[PDB]
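*Asks:* Sequence, then structure. It's an experimental one.
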Amino acid sequence: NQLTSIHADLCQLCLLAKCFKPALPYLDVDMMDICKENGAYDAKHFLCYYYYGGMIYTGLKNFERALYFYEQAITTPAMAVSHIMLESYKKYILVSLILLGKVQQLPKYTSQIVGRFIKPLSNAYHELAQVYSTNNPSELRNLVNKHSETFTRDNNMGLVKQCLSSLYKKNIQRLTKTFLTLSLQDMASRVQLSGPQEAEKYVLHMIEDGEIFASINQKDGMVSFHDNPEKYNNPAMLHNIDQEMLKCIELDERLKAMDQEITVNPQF
Amino acid sequence: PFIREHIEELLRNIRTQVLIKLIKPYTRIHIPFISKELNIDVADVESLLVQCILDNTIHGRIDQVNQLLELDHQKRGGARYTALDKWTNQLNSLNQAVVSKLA
Amino acid sequence: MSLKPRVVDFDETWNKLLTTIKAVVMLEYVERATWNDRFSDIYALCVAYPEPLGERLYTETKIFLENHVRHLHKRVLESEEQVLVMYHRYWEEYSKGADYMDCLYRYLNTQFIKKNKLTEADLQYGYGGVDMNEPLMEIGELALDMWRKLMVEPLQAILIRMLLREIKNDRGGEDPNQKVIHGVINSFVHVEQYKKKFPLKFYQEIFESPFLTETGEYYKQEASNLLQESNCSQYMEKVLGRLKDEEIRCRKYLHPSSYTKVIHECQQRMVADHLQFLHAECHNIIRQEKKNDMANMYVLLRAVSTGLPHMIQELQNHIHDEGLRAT
Amino acid sequence: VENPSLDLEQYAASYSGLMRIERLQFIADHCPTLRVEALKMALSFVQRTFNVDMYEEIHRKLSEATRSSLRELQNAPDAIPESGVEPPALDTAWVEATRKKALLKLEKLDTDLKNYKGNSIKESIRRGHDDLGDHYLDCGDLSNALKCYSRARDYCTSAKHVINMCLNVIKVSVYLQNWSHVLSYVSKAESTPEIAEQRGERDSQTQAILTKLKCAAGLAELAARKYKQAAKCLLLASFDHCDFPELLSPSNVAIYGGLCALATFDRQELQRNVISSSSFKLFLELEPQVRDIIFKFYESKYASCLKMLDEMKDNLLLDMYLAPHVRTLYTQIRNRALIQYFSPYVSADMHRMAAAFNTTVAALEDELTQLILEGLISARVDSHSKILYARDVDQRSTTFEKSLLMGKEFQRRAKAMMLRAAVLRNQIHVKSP
Amino acid sequence: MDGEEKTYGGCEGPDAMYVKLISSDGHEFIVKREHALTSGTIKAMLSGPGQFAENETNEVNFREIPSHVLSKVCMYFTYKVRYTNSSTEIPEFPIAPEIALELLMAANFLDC
Amino acid sequence: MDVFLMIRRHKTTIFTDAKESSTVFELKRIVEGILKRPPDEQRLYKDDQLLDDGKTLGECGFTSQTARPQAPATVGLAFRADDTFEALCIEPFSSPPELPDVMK
């Protein structure tokens, strides 16, 4: 799994032609050590590859890989502002707001332009994470129509729509830690779903996707919220650890060859 | 009046020693069971069981809705799993420091 | 004149700047009206013209200073049997003259060439009669570098030989003369500058080397002659007053940087190798009741290192054998 | 709310200057019953050392409490100060007399300061700096008071001169809201005298020096919302100073340190800090209402310990600095008592907890919602039986999944670092901007 | 009115207590001796010139500094000496745009 | 606390330190030791107004916010040319030169 200028252009073809099937064998495995011999890469290809690759994991319901892809395009240092760096920080907030409730901090080796120029220019995205911590669907709807002019000029339409449904799913998972068997009528007041009939339809979508495990008790008009009865004692879990450890022993062997090469060349 | 102010603490220390010699054999002992053997009312039993557990002397949990003292003999581990959480937090902050030295 | 860069030339300033410097060196008084105008002329000259004039003023004064120090050294060489009294007047007139020149040239040192001799270590420059160039340094430090070339000339065997003679004279008393003896000792300490290592190499060879040799040979022939002539009562009282006057003489002549070094060599010749004679007579002193004879053995043994526990073991066995005899 | 029962003699004789006037005006503006006595005692302080800034602000509140018929003070004052006592009124010939008399005292002290400097006496200059610093405080010159105390630092020669000088800068830094400068000055005043002289002030001690340095720092740490650092230093002070001429009263240090440690420490830490230490026992013995709180918290008596907390809340609200801290410290003590009570339990009943806290079933359900998100416990509310159950995950589920998620990010960040270092080898730097 | 004053006190001194500064437009700036120790060029004149440190004839001749530049220099010396060895509020110094460019050249010359 | 004043008289300023509310007669004694002139011949003025010996500086208008060390206040000086006052008006400072237009 190597990287080059050809691999960066392959991700651009998947953006125009909406078909993420060929982009699966070339993105499911992490890549390292680019192919270099006479010069075939540039700084613009390293920022356009991570920006185009993050959009594939976003639509594929793969938020675990989308957060890592969008983080590499921000940590790259620069001297001024650019269109790629601006769209990378705006999408970093919308992705982190779906998984957790607050935006993750930036590393120490990040660029200073993001925290001095991109941060004040992205005032419409920074205020969105402040209201998300309060968990209020009435106040979140007022920010969509207010910042509608900013989401259209920055071609960010569709990414903010996933955060609207994420607040309703977060309130259901929040009641699982506090409450246990809440009534169907009481669940339509905190989450605000207008009627108990709309509450039974929203909880059924999380069962098919696998975000939470619950059981609807129609005999009493309530709903139960239990945890996952998995002690991780199946023999299939041991094979996942052995398969994941095969990539750790290979990454250390590759770093030993690069460390001996630098020691051969004279340094200060 | 000097010894009268300490007559209450001496009576509470005796009830703690008897509860230790009786909770070892009985796994899930009843709450009214220890009150009948001690010949005391149930008003001070609920207040003494809270102070005994918080003082790291009596293990288990008190269940007022069932009058049964829970003592799971085959409960989950807590001596080995408490070290894996600290190793994960230390290795997470260490990876962010070794990667920040190469811009 | 003004703070803005003007067009002040170099020929219209050196004719008046050299007159003020020559009339102020060698401990000479100058008019205050002319000394105040020298500060406004240096600032209006370095910033004038597109080319910086600071690099030319430092090299112009370096040639005149090198030709003035070497010329004054030949005058002192003509006078003989008086080098110990003329070196003090030459050092006192040069220390005050270089202090007023460094105070006036304090702006040129903080602007052009700010580094000193800490990053340089050239043994060829500064030692010997050279009139070519000098290492880049400040004005206050340039006068100290021009003072080391006056001691390497064939004169160190005369000035140092005549200076240590008056210090060795300790039988008469203190003090013959303090303004002359101390005036030459301080010239070897202030002349040391900064280098790449410790500056304790040049000072230890032109002063600390002949002093530790002549002093150790004077007290060795004195204590050895008084021991075979005078008795033990007079030998202890004579070495006590000489060692007490040596520490006082070092406080008014030498520097505090070499206090424990001179007193260590003086005690190595008085009571040191001859410990077999002082310890043998100390056994008869403690056997009786003598307060004056015992006090002379405690002060001499206190200055000598690892000498206090030696007398403790001798006094312990003395009282142990005396108490057993009375029983 | 307010409390009509409050001793105003001790609360006014503890401080002086601007602190005595501000502490008396806050009581009259909050307590309608204690308004006449609060404004009368505050007007008596303006007679000594007259001024012009604090003489027109006190009279503004007296005219709005007697002439206005919207308040209860109308049947007794009758819109006139002639009612029992005769407080100093404000007329035409009074605004000029309060300004000419204050300026005359300033010219006499400033003329004597120039004579003391010419005599080359460092004792007369340091003594005159204390009289000028306290004179500019009541007049209104907040910047002129710091210039007099700063010049007295160069006239010190003993350990008592540094302590008396550092205590004056703290009084000016309080009005300027400079909490960082107070913590930087208490450390210098503790290293010079080596903590209560070098022998402990002879044998018997009447006014301890350590108590003065420990009481001035507690006021700046409490206003900065630092209950953890303020409760760790107030336990070292002992009751040996007999009130204070310009500091906090000895009846308030037990409440300042007793309420701060009650929210940050549990029951085991209280028996070793505020109980085992003999220095804090003298302060708790003066007020028996504060010592019973620690004993009730250790015997698992949360029912009687809560009723005594709200009884003294009306008296603490009448203060000036402790009043804004009744909404941040009270919510932490109630939250800490609920966590320690649920530790031995695991299946508490809602019907038994509602009758113990003097509440109802409707108020008990709302308290459990704010106890899971804010607290550190893990309880489950079962609405089918109104019993607070408990449903926790396995220990191997939250450990194997957390370590696996960290291992995936460890390999992703390590492989991404090689991509950044790969372009740095073939001479390819940043060329995007 | 009230208050005891001192006849021979305060900052009263002879000719050696105050120094003289000659400007370029004919102005005479007479300030204290302790206030002129902040700079380096003025302090070097009092230590010299010269074997006479004190002679009741101390003066400073500045042919490059006029009157409006030395007016703020004398005020800067009092502001620097008074606002030291203490811990009080330090207000901002009013600096004009036309003077800031001239004060920078005078600060490098006076070594302050 | 302390205030600084300048005594200007015909392009000749005199820097003298005094207290905030000190007597006017004490300020004239300091100038005697520096000018070798009797204090009865000097006359202190404040904005073209004759002062009194019985008054003080704090009663006229010499406060801490006015006679700041960073910006002192002008104090008039008048000698005795015959029997009345001598000087009364002074001369202001010079104007700044032309600024370099290449920097702007």
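*Replies:* Nice, I can see it. Residues are numbered from 1 along each chain as shown, chains lettered A, B, ... in the order given.
*Asks:* The helix or strand containing residue D:229 packs against which elements?
*Replies:* Element membership for residue D:229 (DSSP states H and E) is helix D:227-230. Judged by 3 or more Cβ pairs under 8 Å, 6 or more residues apart in numbering or on different chains; DSSP states H and E, the packing partners of helix D:227-230 are helix D:209-223, helix D:253-264. For every residue, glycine as well, the C-beta is placed using N, CA and C.
*Asks:* mind listing what's buried in that helix?
*Replies:* For helix D:227-230, a neighbour-count test (16 or more other Cβ atoms under 10 Å in any protein chain shown) marks D:227, D:230 as buried.
*Asks:* same question, stretch F:39-47
*Replies:* Going by neighbour count (16+ other Cβ under 10 Å), the buried part of stretch F:39-47 is F:42-46.
*Asks:* ok, of those residues, which one's closest to chain C?
*Replies:* Taking Cβ to the nearest Cβ as the measure, chain C lies nearest residue F:42 of these, at 28.7 Å.
*Asks:* Contact residues of chain F facing chain E?
*Replies:* F:2, F:4, F:11-18, F:22-23, F:25-26, F:29-30, F:32-34, F:54-56, F:68-72, F:93-96, F:99, F:103 (Cβ under 8 Å from any Cβ of the partner chain).
*Asks:* Filter the residues you listed down to just the ones in helices.
*Replies:* With DSSP state H as the criterion, helices contain F:25-26, F:29-30, F:32-34 from among these.
*Asks:* So among the residues you listed, which ones count as buried?
*Replies:* With burial judged by 16+ other Cβ under 10 Å, the buried subset of those is F:25-26, F:29-30, F:32-34.
*Asks:* Make CSV out of those and add distance to chain C.
*Replies:* CSV is the format used below for those (distance: Cβ to the nearest Cβ, whole Å):
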residue, distance to chain C
F:25, 35
F:26, 33
F:29, 29
F:30, 25
F:32, 25
F:33, 22
F:34, 19
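*Asks:* Go back to the residues of chain F next to chain E and keep what's next to chain A.
*Replies:* Answer for these near chain A: none qualify (Cβ under 8 Å from any Cβ).
*Asks:* are any of the residues you listed buried, and which?
*Replies:* Among the residues of chain F next to chain E, those classed as buried by 16+ other Cβ under 10 Å are F:2, F:4, F:12-18, F:22-23, F:25-26, F:29-30, F:32-34, F:56, F:68-70, F:72, F:93-94.
*Asks:* Walking through the stretch 201-327 of chain C, point out its helices one by one.
*Replies:* Ranges of helices in the stretch 201-327 of chain C, per DSSP state H, counting those that start in this stretch, are C:203-206, C:208-229, C:232-252, C:259-270, C:275-285, C:291-303, C:308-326.
*Asks:* Please name whichever of the ones you listed is nearest to chain D.
*Replies:* The nearest among the helices of the stretch 201-327 of chain C, by Cβ to the nearest Cβ, is helix C:232-252 at 30.5 Å.
*Asks:* The closest one: how far from the chain's middle?
*Replies:* 23 Å (Cα atoms, centre = their mean, to the nearest Å).
*Asks:* between the buried residues of stretch F:39-47, which is nearest chain B?
*Replies:* Chain B lies nearest to residue F:46 out of the buried residues of stretch F:39-47, by Cβ to the nearest Cβ, at 65.3 Å.
*Asks:* Could I get the helices of the stretch 201-327 of chain C in CSV, plus columns for distance to chain D and mean neighbour count?
*Replies:* Below are the helices of the stretch 201-327 of chain C laid out as CSV (distance: least, Cβ to the nearest Cβ, whole Å; neighbours: other Cβ atoms under 10 Å in any protein chain shown):
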stretch, distance to chain D, mean neighbour count
helix C:203-206, 41, 15
helix C:208-229, 43, 15
helix C:232-252, 31, 15
helix C:259-270, 32, 16
helix C:275-285, 44, 14
helix C:291-303, 32, 14
helix C:308-326, 32, 10
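*Asks:* I'd like those helices as TSV, with distance to residue D:269 appended.
*Replies:* TSV is the format used below for these (distance: least, Cβ to Cβ, whole Å):
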stretch	distance to residue D:269
helix C:203-206	65
helix C:208-229	66
helix C:232-252	62
helix C:259-270	56
helix C:275-285	68
helix C:291-303	58
helix C:308-326	55
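*Asks:* Near residue D:270, how many other residues are there?
*Replies:* 19 (other Cβ atoms under 10 Å in any protein chain shown).
*Asks:* try residue D:204
*Replies:* Neighbour tally, residue D:204, other Cβ under 10 Å: 7.
*Asks:* quick check, it in a helix?
*Replies:* No: the assignment for residue D:204, made by DSSP: H, G, I helix; E, B strand; the rest coil, is coil rather than a helix.
*Asks:* among the helices of the stretch 201-327 of chain C, which is nearest residue D:431?
*Replies:* For those, the distance to residue D:431 is smallest for helix C:203-206, at 59.0 Å, taking Cβ to Cβ.
*Asks:* Contacts for the strand or helix carrying residue B:18, please.
*Replies:* Assessed by DSSP H and E, residue B:18 sits inside helix B:7-23. Outside helix B:7-23, the residues within contact range by Cβ atoms under 8 Å, 6 or more residues apart in numbering or on different chains are B:29, B:34, B:37-38, B:40, B:48, B:51-52, B:57-58, B:60, B:69, B:71.
*Asks:* Can you flag the buried ones in those residues?
*Replies:* For these, buried by 16+ other Cβ under 10 Å: B:29, B:34, B:38, B:48, B:51-52, B:58, B:60, B:69, B:71.
*Asks:* where do the helices sit along the stretch 1-150 of chain C?
*Replies:* Secondary structure of the stretch 1-150 of chain C by DSSP H, counting those that start in this stretch: the helices cover C:11-22, C:32-46, C:54-78, C:83-104, C:106-109, C:139-145.
*Asks:* Alright, I will stop here.
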